[PDB]
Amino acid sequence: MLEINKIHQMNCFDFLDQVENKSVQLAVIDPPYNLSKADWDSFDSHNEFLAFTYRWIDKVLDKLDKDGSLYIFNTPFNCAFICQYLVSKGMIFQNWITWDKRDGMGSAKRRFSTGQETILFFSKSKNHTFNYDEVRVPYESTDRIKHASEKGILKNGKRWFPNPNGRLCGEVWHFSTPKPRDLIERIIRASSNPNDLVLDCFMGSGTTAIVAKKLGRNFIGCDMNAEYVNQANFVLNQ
């Protein structure tokens, strides 16, 4: 039995083989993207990259319980292949999330400038957890116009007030190496509940564990890098 709530210094396949099947409620995975940003992100070909990816995906799917949720980050191009692969495995597509980075980067002169990233969101069944009221976003200028057209329409004889926490979150996200904590927070608030178990087999700086712990979720995870693991476990403990 693998110790929960501590990041382990393990290869993802070794780690995954130690995880109990059907024990995980949410898996949030930011894996290699094949962009050659490091030795672990360099592959000989696109097929080798996909074979590696599909191998870890298969194991992660065995870990999810019957209604579990899955989020996988990658470039849009790699997500096209991963999306079709997940459909072929029986997973249920929920959303193609677009992270609009709006950074200063991506400049190109043979094509539009890059930088967006994709998050695929699938679930094991149609009875997954989706806490929509916990991830609402601030109302726009245009939501307020709609609010004005409905203000005079009474409900049950009285004025109706729209939710004070904002509008339902959509699929194109914009925020203020590690993923932004607010981004991972939206994922964990929407697709898990307090005390559920969250898995991340490429922990990196430990963002998934850190945010899971702050939100009262349990986590299980690993990274092959000793320095990253020790540094993240230290952050978790204070």
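When you see a residue number, it is the position in the sequence shown, counting from 1.
- The entry shows a gap from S176 to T177, with 10 or more unmodelled residues of the deposited sequence in between.
- As the entry records it, the average C-alpha temperature factor is higher for 96-104, out of 116-124 and 96-104.
- If you average the C-alpha B-factors over 200-208 and over 42-50, the higher value belongs to 42-50.
- Comparing the listed residues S149, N163, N78, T129, the entry records the largest Cα B-factor for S149.
- Among the modelled residues of the chain, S36 sits in the highest third by CA temperature factor in this PDB entry.
- Sort the chain's modelled residues by C-alpha temperature factor and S88 lands in the middle third, per the entry.
- In this PDB entry, the Cα temperature factor of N225 sits in the top third of its chain's modelled residues, the highest group.
- Sorting the modelled residues of the chain by their CA temperature factor places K155 in the highest third.
- The deposited CA B-factor of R167 belongs to the middle third of values across its chain.
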